[PDB]
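The block underneath contains the structure these notes are about, expressed in structure tokens.
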Number of protein chains: 2
Amino acid sequence: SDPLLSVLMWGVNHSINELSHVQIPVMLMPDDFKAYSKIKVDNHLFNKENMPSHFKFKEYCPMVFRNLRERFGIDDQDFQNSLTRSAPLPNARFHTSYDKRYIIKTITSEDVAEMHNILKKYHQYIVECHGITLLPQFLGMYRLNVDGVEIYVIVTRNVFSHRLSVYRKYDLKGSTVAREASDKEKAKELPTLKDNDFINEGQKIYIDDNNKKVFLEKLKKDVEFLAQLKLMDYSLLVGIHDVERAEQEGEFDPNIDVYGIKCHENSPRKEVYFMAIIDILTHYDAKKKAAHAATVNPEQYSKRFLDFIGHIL
Amino acid sequence: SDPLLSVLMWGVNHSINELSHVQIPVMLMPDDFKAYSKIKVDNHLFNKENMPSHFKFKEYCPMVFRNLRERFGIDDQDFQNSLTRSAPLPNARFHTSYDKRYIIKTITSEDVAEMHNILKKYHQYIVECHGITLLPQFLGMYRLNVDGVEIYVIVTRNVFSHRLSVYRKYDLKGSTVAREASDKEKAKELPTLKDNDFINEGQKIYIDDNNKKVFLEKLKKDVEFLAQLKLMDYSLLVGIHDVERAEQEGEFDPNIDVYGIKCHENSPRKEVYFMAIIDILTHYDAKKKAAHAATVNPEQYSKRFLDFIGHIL
Ligand SMILES: Nc1ncnc2c1ncn2[C@@H]1O[C@H](COP(=O)(O)OP(=O)(O)NP(=O)(O)O)[C@@H](O)[C@H]1O
Ligand SMILES: Nc1ncnc2c1ncn2[C@@H]1O[C@H](COP(=O)(O)OP(=O)(O)NP(=O)(O)O)[C@@H](O)[C@H]1O
Ligand SMILES: [Mn+2]
Ligand SMILES: [Mn+2]
Ligand SMILES: [Mn+2]
Ligand SMILES: [Mn+2]
């Protein structure tokens, strides 16, 4: 029904099948970070029901993202199934894989240029921390062309659980400038609440001391890495699963819901938290271009961010 | 090892997989005979070991050939396996599928234009006779491009058995002009003998009266159809399996070895014959172009052919 979506599914399927025939070495070479594969399909008076008649599909750095998927505990055949067995659902357009494991976000060519710019350092950071990080997990990046329409997509891991539902959702930046959800926003079903809502509504996260220390430790290293790359406008995405409210209408596989953290035993309510960094691809200069056409530097953003999060936990 | 061969395997695999998702109706529409699918692949700094980095694959009239394959008793998944599980072996270049079921012949763009010209009438002839014919069975036609090299291929059914070996092979035209294998030819392992060899060496085909009548009946209708289309230079390909000689170093599946005919009970030797028409795509005018650059019309060729074959049986 959405032809760009069908091209995406077809393309991911194609990409994973091609890779299944490649010998995967333990290491990446420098050219792997400059690599791509392009397919251009032209059907004349054929197969009109399933696909657009004319489309292109490009995959950036196939070997790097295959390496990353395995590092993030993701098997290629599973990834293929999640994205192609049934269509992704809509919810920058966002889609969620049918099994809720992956997020598919539509991005700009500028974002793509920035992903390329950091991809090597990102990969090496992922190696150093053995894949244990709150950073977005970049799993695939593609360019889709359907009859004059060109779009770029990136695939990442869902911060939230593929099983346990989230009834409350926050997007935190820790800005000295006031951030708040608008009144039209709060009227949404699962609204994206922000820094002021959290500060004002006295939201508490009830996790024990060991879980808190571990989390903030990860968070520190991740955010420094981001600062170092002059990246900003990223958030801590926080999801709360209410085990009680879920029974009205509660444990997780930590190898799938990798961001889950159980509340401690004295929590007023049975809760599971899902917390991770999102939206890192805006470079300082790219934010300035959107502030010109339509104090707050990378390092400051970094400090404000860690201050706020250290406070809210 | 042969990059054109790898593209062919990759392309057939791709084509059959795409078709597996198409709804196949009982009928073909006129546009199906003008249809094609094209794929162009560009790999930059990727997948260098398995495929050329730049290639194109085109399939002519995918729906027609899918229809023909089923009419000829061939399942698409089996066809795919036969052509892609292991490489075709060489033997106009000819290859044989690894399981000896199919012949893959390299043809000219002129041949391709002629196949398109007759494809509708051919299909309708195949419908009328319910697939019971000595004509070549056209199963797929493709264009391959690998770095400046463009080639066209047609896939047909092997005349000979996929199991039982052939120790003697004839190529008969029935020309009033003398046809003979040369002395350098007879020195080949499995030589392609011709009209004079057969007449001179008193070769006999020992088949009973019912088998002979049925065969010549089919042959008559097939050759008239060919004459009608002004086609010529085609042969009766005759293969002889010696059951005795085969035991030194004998029955067949008639649903796979569709051209097999057992000898009668009084045959001097246990023999199985494999006989069918081959090489039909030379149009009268196309033969004249190769007679100019480097009596014998279509109807005469037709008469000479049926006279000779009626004589040899
Ligand atoms: N990895 C993820 N898992 C689950 N939900 C996500 C994820 N990424 C984004 N979302 C949801 O999508 C919303 C917007 O994500 P984001 O990537 O910040 O979009 P954006 O268009 O870049 N917004 P902006 O901050 O204006 O640039 C978030 O608040 C989440 O509700
Ligand atoms: N369908 C088939 N099954 C088995 N063997 C075949 C088949 N088609 C061709 N061959 C073999 O390949 C040889 C040449 O086939 P043919 O298609 O006549 O080639 P060609 O290059 O068109 N020859 P020409 O007659 O000079 O145009 C035959 O004599 C057979 O030995
Ligand atoms: Mn954001
Ligand atoms: Mn953003
Ligand atoms: Mn011939
Ligand atoms: Mn020929």
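Chain labels A, B, ... are given in the sequence in which chains occur in the structure tokens; within each chain residues are numbered consecutively from 1, and ligands are likewise numbered from 1 in the order shown.
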
* Write down as number ranges by chain the residues belonging to range 39-147 of chain B that are assigned strand (DSSP E or B) by DSSP computed on the backbone. => B: 39-44, 54-60, 89-90, 94-96, 102-107, 138-146

Rotated and translated chain B onto chain A by C-alpha atoms, as a tab-separated table (two decimals) with C-alpha atoms, in the first residue's frame:
chain	number	residue	atom	x	y	z
B	1	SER	CA	0.00	0.00	0.00
B	2	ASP	CA	2.92	2.36	0.73
B	3	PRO	CA	5.27	1.81	-2.23
B	4	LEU	CA	8.33	3.22	-0.41
B	5	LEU	CA	7.68	0.74	2.37
B	6	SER	CA	7.47	-2.16	-0.12
B	7	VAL	CA	10.80	-1.12	-1.67
B	8	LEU	CA	12.32	-1.01	1.83
B	9	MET	CA	11.06	-4.53	2.61
B	10	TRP	CA	12.18	-5.82	-0.77
B	11	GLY	CA	15.59	-4.12	-0.34
B	12	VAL	CA	16.30	-5.37	3.20
B	13	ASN	CA	15.31	-8.84	2.03
B	14	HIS	CA	17.68	-8.55	-0.94
B	15	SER	CA	20.53	-7.12	1.17
B	16	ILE	CA	20.36	-9.83	3.85
B	17	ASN	CA	20.13	-12.62	1.22
B	18	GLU	CA	23.23	-11.26	-0.60
B	19	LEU	CA	25.16	-11.04	2.66
B	20	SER	CA	24.23	-14.63	3.57
B	21	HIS	CA	26.55	-15.69	0.72
B	22	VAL	CA	29.47	-13.48	1.84
B	23	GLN	CA	32.34	-14.79	3.98
B	24	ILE	CA	32.26	-12.59	7.10
B	25	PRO	CA	35.77	-11.93	8.52
B	26	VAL	CA	36.24	-10.88	12.18
B	27	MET	CA	37.45	-7.44	11.06
B	28	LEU	CA	36.48	-4.51	8.93
B	29	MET	CA	38.88	-2.91	6.44
B	30	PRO	CA	39.02	0.87	5.77
B	31	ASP	CA	37.21	0.50	2.39
B	32	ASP	CA	34.25	-1.16	4.14
B	33	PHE	CA	33.40	2.31	5.50
B	34	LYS	CA	33.24	3.71	1.95
B	35	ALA	CA	31.37	0.76	0.41
B	36	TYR	CA	27.80	0.48	-0.91
B	37	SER	CA	25.58	-1.72	-3.04
B	38	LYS	CA	23.06	-0.30	-5.53
B	39	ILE	CA	20.21	-2.12	-7.28
B	40	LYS	CA	18.03	-0.53	-9.96
B	41	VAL	CA	14.89	-2.41	-11.01
B	42	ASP	CA	12.82	-1.73	-14.16
B	43	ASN	CA	9.75	-3.87	-14.78
B	44	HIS	CA	7.98	-3.24	-18.06
B	45	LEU	CA	4.42	-4.62	-18.27
B	46	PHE	CA	5.24	-7.03	-15.42
B	47	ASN	CA	4.62	-7.62	-11.71
B	48	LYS	CA	2.46	-4.50	-11.33
B	49	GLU	CA	0.63	-5.71	-8.20
B	50	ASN	CA	3.57	-6.34	-5.84
B	51	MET	CA	6.10	-3.59	-6.57
B	52	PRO	CA	6.43	-0.20	-8.24
B	53	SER	CA	7.60	-0.77	-11.79
B	54	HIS	CA	10.68	1.43	-11.39
B	55	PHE	CA	12.70	1.67	-8.19
B	56	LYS	CA	16.25	1.87	-6.84
B	57	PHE	CA	17.63	0.55	-3.59
B	58	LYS	CA	21.00	1.51	-2.12
B	59	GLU	CA	22.61	0.15	1.04
B	60	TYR	CA	25.48	2.04	2.64
B	61	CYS	CA	28.47	0.20	4.07
B	62	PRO	CA	26.82	-3.31	4.08
B	63	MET	CA	29.79	-5.01	5.83
B	64	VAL	CA	29.90	-2.43	8.65
B	65	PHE	CA	26.24	-2.71	9.49
B	66	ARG	CA	26.40	-6.53	9.29
B	67	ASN	CA	29.27	-6.34	11.78
B	68	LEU	CA	27.28	-3.97	14.02
B	69	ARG	CA	24.13	-6.13	13.97
B	70	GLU	CA	26.13	-9.14	15.23
B	71	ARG	CA	27.88	-6.97	17.86
B	72	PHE	CA	24.45	-5.84	19.08
B	73	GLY	CA	23.36	-9.51	19.46
B	74	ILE	CA	21.23	-9.49	16.31
B	75	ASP	CA	21.13	-12.40	13.90
B	76	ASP	CA	20.74	-11.45	10.20
B	77	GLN	CA	17.96	-13.96	9.52
B	78	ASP	CA	16.01	-12.62	12.50
B	79	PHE	CA	16.59	-9.00	11.37
B	80	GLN	CA	15.33	-9.94	7.87
B	81	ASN	CA	12.20	-11.61	9.34
B	82	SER	CA	11.41	-8.68	11.63
B	83	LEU	CA	11.47	-6.26	8.69
B	84	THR	CA	9.93	-8.34	5.88
B	85	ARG	CA	7.49	-11.04	7.25
B	86	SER	CA	4.80	-8.35	7.63
B	87	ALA	CA	4.85	-4.64	6.94
B	88	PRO	CA	6.25	-2.04	9.36
B	89	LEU	CA	3.54	0.15	10.92
B	90	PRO	CA	3.68	3.97	10.92
B	91	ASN	CA	3.50	5.85	14.26
B	92	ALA	CA	10.56	12.61	9.71
B	93	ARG	CA	8.19	9.66	9.39
B	94	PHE	CA	8.68	6.81	11.88
B	95	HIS	CA	7.80	3.19	11.46
B	96	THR	CA	8.05	0.26	13.88
B	97	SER	CA	8.79	-3.25	12.73
B	98	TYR	CA	5.72	-5.52	12.98
B	99	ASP	CA	7.25	-7.39	15.93
B	100	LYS	CA	8.17	-4.07	17.62
B	101	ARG	CA	11.90	-4.85	17.69
B	102	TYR	CA	13.09	-2.07	15.33
B	103	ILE	CA	12.52	1.59	14.59
B	104	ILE	CA	12.78	2.82	11.02
B	105	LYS	CA	13.31	6.53	10.74
B	106	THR	CA	13.30	8.72	7.61
B	107	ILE	CA	16.34	11.01	7.64
B	108	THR	CA	17.92	13.70	5.37
B	109	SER	CA	20.94	13.38	3.07
B	110	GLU	CA	22.71	15.71	5.54
B	111	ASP	CA	22.05	13.14	8.30
B	112	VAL	CA	23.42	10.44	5.98
B	113	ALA	CA	26.55	12.49	5.32
B	114	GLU	CA	26.97	12.89	9.14
B	115	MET	CA	26.46	9.14	9.78
B	116	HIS	CA	29.26	8.50	7.26
B	117	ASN	CA	31.40	11.04	8.93
B	118	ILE	CA	31.17	9.34	12.35
B	119	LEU	CA	30.61	5.72	11.34
B	120	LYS	CA	34.21	4.54	11.86
B	121	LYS	CA	34.58	6.23	15.26
B	122	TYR	CA	31.13	4.93	16.23
B	123	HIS	CA	32.08	1.38	15.29
B	124	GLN	CA	35.35	1.59	17.23
B	125	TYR	CA	33.46	2.93	20.26
B	126	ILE	CA	31.06	-0.05	19.95
B	127	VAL	CA	34.06	-2.42	19.84
B	128	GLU	CA	35.70	-0.80	22.87
B	129	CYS	CA	32.60	-1.07	25.03
B	130	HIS	CA	31.70	-4.60	23.75
B	131	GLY	CA	28.34	-3.30	22.57
B	132	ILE	CA	27.28	-2.23	26.05
B	133	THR	CA	26.08	1.33	25.55
B	134	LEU	CA	23.00	3.60	25.74
B	135	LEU	CA	23.81	5.07	22.31
B	136	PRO	CA	21.42	4.34	19.44
B	137	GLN	CA	22.21	1.00	17.80
B	138	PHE	CA	22.54	1.72	14.09
B	139	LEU	CA	21.54	-1.43	12.25
B	140	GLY	CA	21.10	-0.42	8.59
B	141	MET	CA	21.05	2.69	6.43
B	142	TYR	CA	19.44	2.82	2.98
B	143	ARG	CA	18.39	5.07	0.13
B	144	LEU	CA	15.05	4.35	-1.60
B	145	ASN	CA	13.96	5.76	-4.96
B	146	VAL	CA	10.39	5.40	-6.21
B	147	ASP	CA	9.42	7.44	-9.29
B	148	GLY	CA	10.97	10.82	-8.53
B	149	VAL	CA	10.71	10.35	-4.75
B	150	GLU	CA	14.06	9.79	-3.03
B	151	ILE	CA	14.19	8.98	0.69
B	152	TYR	CA	16.88	7.95	3.22
B	153	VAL	CA	16.17	5.57	6.11
B	154	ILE	CA	18.06	4.42	9.17
B	155	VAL	CA	17.09	1.33	11.21
B	156	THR	CA	17.70	1.28	14.98
B	157	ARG	CA	16.74	-0.81	18.01
B	158	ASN	CA	13.50	0.09	19.73
B	159	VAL	CA	14.33	1.61	23.16
B	160	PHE	CA	11.09	0.08	24.47
B	161	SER	CA	10.16	-3.56	24.97
B	162	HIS	CA	8.86	-5.70	22.12
B	163	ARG	CA	6.34	-7.24	24.60
B	164	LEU	CA	5.80	-4.99	27.64
B	165	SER	CA	3.79	-1.86	26.90
B	166	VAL	CA	4.80	1.67	27.90
B	167	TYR	CA	2.12	3.96	29.40
B	168	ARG	CA	4.36	6.94	30.07
B	169	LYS	CA	7.14	8.35	27.88
B	170	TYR	CA	9.63	11.17	28.47
B	171	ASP	CA	12.15	12.95	26.23
B	172	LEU	CA	14.79	14.63	28.31
B	173	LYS	CA	17.55	17.04	27.24
B	174	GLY	CA	18.39	18.88	30.46
B	175	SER	CA	18.27	22.31	28.84
B	176	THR	CA	18.73	25.51	30.89
B	177	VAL	CA	16.20	26.93	28.44
B	178	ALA	CA	12.71	25.71	29.38
B	179	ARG	CA	11.47	22.58	27.59
B	180	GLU	CA	7.86	21.50	27.97
B	181	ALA	CA	5.23	19.52	26.15
B	182	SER	CA	2.51	21.86	24.83
B	183	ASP	CA	-1.18	21.45	25.84
B	184	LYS	CA	-2.05	20.05	22.38
B	185	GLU	CA	0.76	17.52	22.97
B	186	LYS	CA	-0.49	16.30	26.39
B	187	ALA	CA	-3.81	15.47	24.66
B	188	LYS	CA	-2.06	12.73	22.62
B	189	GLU	CA	-2.63	9.07	23.65
B	190	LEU	CA	1.02	8.30	24.50
B	191	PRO	CA	2.39	11.84	24.76
B	192	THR	CA	6.06	12.74	24.54
B	193	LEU	CA	6.58	14.50	27.85
B	194	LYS	CA	9.72	16.63	28.47
B	195	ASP	CA	12.06	18.17	31.09
B	196	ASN	CA	9.51	20.54	32.68
B	197	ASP	CA	6.79	17.86	32.96
B	198	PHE	CA	9.27	15.62	34.83
B	199	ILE	CA	10.54	18.38	37.13
B	200	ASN	CA	6.99	19.71	37.72
B	201	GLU	CA	5.09	16.38	38.08
B	202	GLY	CA	7.71	14.98	40.52
B	203	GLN	CA	8.24	11.83	38.45
B	204	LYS	CA	10.39	9.33	40.26
B	205	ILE	CA	12.37	6.42	38.88
B	206	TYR	CA	12.70	3.74	41.56
B	207	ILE	CA	15.84	1.76	40.74
B	208	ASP	CA	18.40	0.41	43.24
B	209	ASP	CA	21.86	1.89	43.85
B	210	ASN	CA	23.79	-0.65	41.79
B	211	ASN	CA	21.49	-0.25	38.75
B	212	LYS	CA	21.68	3.55	39.04
B	213	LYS	CA	25.50	3.65	39.28
B	214	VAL	CA	25.96	1.27	36.33
B	215	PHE	CA	23.52	3.27	34.18
B	216	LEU	CA	25.08	6.66	34.94
B	217	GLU	CA	28.52	5.18	34.34
B	218	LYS	CA	27.50	4.02	30.83
B	219	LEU	CA	25.73	7.34	30.26
B	220	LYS	CA	28.85	9.34	31.15
B	221	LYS	CA	31.09	7.55	28.65
B	222	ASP	CA	28.44	7.68	25.89
B	223	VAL	CA	27.76	11.41	26.26
B	224	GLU	CA	31.50	12.31	26.35
B	225	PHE	CA	31.94	10.38	23.08
B	226	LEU	CA	29.05	12.40	21.63
B	227	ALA	CA	30.53	15.72	22.88
B	228	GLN	CA	33.90	14.77	21.35
B	229	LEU	CA	32.19	14.43	17.93
B	230	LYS	CA	30.45	17.83	18.35
B	231	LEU	CA	27.06	16.13	18.29
B	232	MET	CA	23.98	17.48	20.10
B	233	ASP	CA	20.18	17.76	20.32
B	234	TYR	CA	20.08	14.17	21.57
B	235	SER	CA	17.74	12.95	24.31
B	236	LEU	CA	17.33	10.38	27.00
B	237	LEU	CA	14.22	8.53	26.01
B	238	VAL	CA	12.45	7.12	29.11
B	239	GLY	CA	9.65	4.60	28.97
B	240	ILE	CA	7.70	3.32	31.99
B	241	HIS	CA	5.90	-0.02	31.99
B	242	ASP	CA	3.27	-0.31	34.76
B	243	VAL	CA	2.91	-4.02	35.59
B	244	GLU	CA	-0.32	-3.31	37.51
B	245	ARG	CA	-2.02	-1.23	34.75
B	246	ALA	CA	-0.93	-3.91	32.25
B	247	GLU	CA	-2.90	-6.59	34.15
B	248	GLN	CA	-5.98	-4.31	34.02
B	249	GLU	CA	-6.33	-4.60	30.21
B	250	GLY	CA	5.56	-8.65	34.10
B	251	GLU	CA	9.16	-9.57	33.22
B	252	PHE	CA	11.37	-9.17	30.15
B	253	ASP	CA	14.04	-10.93	28.05
B	254	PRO	CA	17.11	-8.72	28.70
B	255	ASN	CA	18.74	-10.08	25.51
B	256	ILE	CA	15.89	-8.57	23.45
B	257	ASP	CA	14.72	-5.65	25.69
B	258	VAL	CA	18.29	-4.58	26.36
B	259	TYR	CA	17.38	-1.25	27.91
B	260	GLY	CA	15.02	-2.66	30.59
B	261	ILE	CA	15.75	-1.97	34.28
B	262	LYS	CA	13.47	-3.41	37.01
B	263	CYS	CA	12.34	-1.11	39.84
B	264	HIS	CA	13.68	-1.90	43.33
B	265	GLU	CA	11.60	-3.87	45.91
B	266	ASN	CA	10.27	-0.78	47.72
B	267	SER	CA	8.86	0.90	44.64
B	268	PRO	CA	5.34	2.31	45.25
B	269	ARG	CA	4.34	0.48	42.07
B	270	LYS	CA	5.58	-2.51	40.07
B	271	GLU	CA	7.51	-0.72	37.27
B	272	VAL	CA	10.03	-1.50	34.51
B	273	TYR	CA	12.02	1.33	32.98
B	274	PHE	CA	13.35	1.56	29.44
B	275	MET	CA	15.97	4.23	28.99
B	276	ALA	CA	18.45	4.99	26.20
B	277	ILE	CA	19.96	7.82	24.17
B	278	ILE	CA	18.21	8.79	20.91
B	279	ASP	CA	18.69	11.25	18.05
B	280	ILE	CA	22.38	11.97	17.86
B	281	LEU	CA	22.99	12.92	14.21
B	282	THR	CA	22.54	16.66	14.41
B	283	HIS	CA	26.01	18.19	14.19
B	284	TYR	CA	26.48	21.69	15.69
B	285	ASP	CA	26.76	23.30	12.21
B	286	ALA	CA	23.64	21.44	10.91
B	287	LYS	CA	21.56	22.80	13.84
B	288	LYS	CA	22.77	26.33	12.96
B	289	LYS	CA	21.55	25.92	9.35
B	290	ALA	CA	18.03	25.05	10.58
B	291	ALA	CA	18.16	27.96	13.08
B	292	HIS	CA	19.10	30.41	10.27
B	293	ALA	CA	16.69	29.15	7.57
B	294	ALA	CA	13.68	28.56	9.88
B	295	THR	CA	25.99	29.26	24.80
B	296	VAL	CA	24.18	26.21	23.36
B	297	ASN	CA	27.24	24.39	21.96
B	298	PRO	CA	28.00	20.60	22.00
B	299	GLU	CA	30.00	20.69	25.28
B	300	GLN	CA	27.37	22.70	27.16
B	301	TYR	CA	24.56	20.49	25.89
B	302	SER	CA	26.66	17.60	27.20
B	303	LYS	CA	27.00	19.06	30.74
B	304	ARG	CA	23.36	20.16	31.04
B	305	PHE	CA	22.31	16.66	29.90
B	306	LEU	CA	24.33	14.68	32.47
B	307	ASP	CA	23.42	17.14	35.27
B	308	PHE	CA	19.72	16.76	34.66
B	309	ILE	CA	19.80	12.94	34.37
B	310	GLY	CA	21.91	12.60	37.51
B	311	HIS	CA	19.25	14.69	39.25
B	312	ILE	CA	16.16	12.79	38.01
B	313	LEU	CA	17.44	9.40	39.18

So which residues of range 186-233 of chain B fall under alpha helix (DSSP H) by DSSP, listed as a PDB file with N, CA and C atoms, in the first residue's frame?
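selection_36.pdb written:
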ATOM      1  N   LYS B 186      34.778 -36.841 -36.650  1.00  0.00           N
ATOM      2  CA  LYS B 186      34.626 -38.247 -36.228  1.00  0.00           C
ATOM      3  C   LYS B 186      35.620 -38.653 -35.132  1.00  0.00           C
ATOM      4  N   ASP B 195      23.638 -36.740 -41.831  1.00  0.00           N
ATOM      5  CA  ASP B 195      22.812 -37.501 -42.780  1.00  0.00           C
ATOM      6  C   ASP B 195      23.539 -38.605 -43.554  1.00  0.00           C
ATOM      7  N   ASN B 196      24.747 -38.294 -44.039  1.00  0.00           N
ATOM      8  CA  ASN B 196      25.550 -39.224 -44.837  1.00  0.00           C
ATOM      9  C   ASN B 196      26.044 -40.396 -43.997  1.00  0.00           C
ATOM     10  N   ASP B 197      26.560 -40.105 -42.800  1.00  0.00           N
ATOM     11  CA  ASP B 197      26.965 -41.139 -41.838  1.00  0.00           C
ATOM     12  C   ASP B 197      25.841 -42.165 -41.630  1.00  0.00           C
ATOM     13  N   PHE B 198      24.632 -41.675 -41.361  1.00  0.00           N
ATOM     14  CA  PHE B 198      23.461 -42.515 -41.132  1.00  0.00           C
ATOM     15  C   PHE B 198      23.106 -43.357 -42.359  1.00  0.00           C
ATOM     16  N   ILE B 199      23.016 -42.709 -43.521  1.00  0.00           N
ATOM     17  CA  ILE B 199      22.723 -43.408 -44.763  1.00  0.00           C
ATOM     18  C   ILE B 199      23.821 -44.436 -45.066  1.00  0.00           C
ATOM     19  N   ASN B 200      25.081 -44.019 -44.922  1.00  0.00           N
ATOM     20  CA  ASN B 200      26.242 -44.858 -45.271  1.00  0.00           C
ATOM     21  C   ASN B 200      26.537 -45.995 -44.282  1.00  0.00           C
ATOM     22  N   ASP B 209       5.827 -50.409 -34.328  1.00  0.00           N
ATOM     23  CA  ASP B 209       4.961 -49.687 -35.257  1.00  0.00           C
ATOM     24  C   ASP B 209       4.117 -48.599 -34.624  1.00  0.00           C
ATOM     25  N   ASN B 210       3.624 -48.837 -33.414  1.00  0.00           N
ATOM     26  CA  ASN B 210       2.837 -47.814 -32.730  1.00  0.00           C
ATOM     27  C   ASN B 210       3.710 -46.603 -32.341  1.00  0.00           C
ATOM     28  N   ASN B 211       4.887 -46.863 -31.766  1.00  0.00           N
ATOM     29  CA  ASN B 211       5.819 -45.797 -31.406  1.00  0.00           C
ATOM     30  C   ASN B 211       6.252 -44.992 -32.630  1.00  0.00           C
ATOM     31  N   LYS B 212       6.508 -45.672 -33.745  1.00  0.00           N
ATOM     32  CA  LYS B 212       6.931 -45.008 -34.974  1.00  0.00           C
ATOM     33  C   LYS B 212       5.846 -44.092 -35.533  1.00  0.00           C
ATOM     34  N   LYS B 213       4.607 -44.588 -35.576  1.00  0.00           N
ATOM     35  CA  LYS B 213       3.470 -43.835 -36.123  1.00  0.00           C
ATOM     36  C   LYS B 213       3.184 -42.575 -35.301  1.00  0.00           C
ATOM     37  N   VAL B 214       3.152 -42.737 -33.984  1.00  0.00           N
ATOM     38  CA  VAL B 214       2.959 -41.643 -33.039  1.00  0.00           C
ATOM     39  C   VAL B 214       4.025 -40.551 -33.229  1.00  0.00           C
ATOM     40  N   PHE B 215       5.290 -40.971 -33.267  1.00  0.00           N
ATOM     41  CA  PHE B 215       6.412 -40.063 -33.434  1.00  0.00           C
ATOM     42  C   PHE B 215       6.300 -39.257 -34.728  1.00  0.00           C
ATOM     43  N   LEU B 216       6.097 -39.957 -35.845  1.00  0.00           N
ATOM     44  CA  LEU B 216       6.025 -39.310 -37.151  1.00  0.00           C
ATOM     45  C   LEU B 216       4.810 -38.415 -37.280  1.00  0.00           C
ATOM     46  N   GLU B 217       3.755 -38.753 -36.554  1.00  0.00           N
ATOM     47  CA  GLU B 217       2.561 -37.926 -36.478  1.00  0.00           C
ATOM     48  C   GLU B 217       2.891 -36.580 -35.809  1.00  0.00           C
ATOM     49  N   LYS B 218       3.473 -36.637 -34.607  1.00  0.00           N
ATOM     50  CA  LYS B 218       3.959 -35.437 -33.913  1.00  0.00           C
ATOM     51  C   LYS B 218       4.868 -34.643 -34.836  1.00  0.00           C
ATOM     52  N   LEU B 219       5.856 -35.327 -35.414  1.00  0.00           N
ATOM     53  CA  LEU B 219       6.872 -34.692 -36.235  1.00  0.00           C
ATOM     54  C   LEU B 219       6.278 -33.920 -37.399  1.00  0.00           C
ATOM     55  N   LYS B 220       5.246 -34.496 -38.019  1.00  0.00           N
ATOM     56  CA  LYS B 220       4.554 -33.869 -39.144  1.00  0.00           C
ATOM     57  C   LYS B 220       3.954 -32.513 -38.746  1.00  0.00           C
ATOM     58  N   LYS B 221       3.169 -32.508 -37.673  1.00  0.00           N
ATOM     59  CA  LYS B 221       2.537 -31.283 -37.202  1.00  0.00           C
ATOM     60  C   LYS B 221       3.568 -30.224 -36.828  1.00  0.00           C
ATOM     61  N   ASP B 222       4.610 -30.635 -36.097  1.00  0.00           N
ATOM     62  CA  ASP B 222       5.672 -29.723 -35.658  1.00  0.00           C
ATOM     63  C   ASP B 222       6.368 -29.037 -36.826  1.00  0.00           C
ATOM     64  N   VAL B 223       6.730 -29.835 -37.834  1.00  0.00           N
ATOM     65  CA  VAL B 223       7.513 -29.331 -38.965  1.00  0.00           C
ATOM     66  C   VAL B 223       6.672 -28.395 -39.850  1.00  0.00           C
ATOM     67  N   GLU B 224       5.391 -28.726 -40.045  1.00  0.00           N
ATOM     68  CA  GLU B 224       4.449 -27.838 -40.756  1.00  0.00           C
ATOM     69  C   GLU B 224       4.357 -26.469 -40.081  1.00  0.00           C
ATOM     70  N   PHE B 225       4.207 -26.480 -38.751  1.00  0.00           N
ATOM     71  CA  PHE B 225       4.195 -25.252 -37.953  1.00  0.00           C
ATOM     72  C   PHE B 225       5.471 -24.457 -38.224  1.00  0.00           C
ATOM     73  N   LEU B 226       6.621 -25.132 -38.206  1.00  0.00           N
ATOM     74  CA  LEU B 226       7.884 -24.458 -38.508  1.00  0.00           C
ATOM     75  C   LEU B 226       7.927 -23.835 -39.923  1.00  0.00           C
ATOM     76  N   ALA B 227       7.508 -24.624 -40.910  1.00  0.00           N
ATOM     77  CA  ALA B 227       7.416 -24.188 -42.314  1.00  0.00           C
ATOM     78  C   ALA B 227       6.568 -22.923 -42.429  1.00  0.00           C
ATOM     79  N   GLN B 228       5.372 -22.977 -41.848  1.00  0.00           N
ATOM     80  CA  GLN B 228       4.439 -21.859 -41.774  1.00  0.00           C
ATOM     81  C   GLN B 228       5.076 -20.554 -41.281  1.00  0.00           C
TER      82      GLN B 228
END
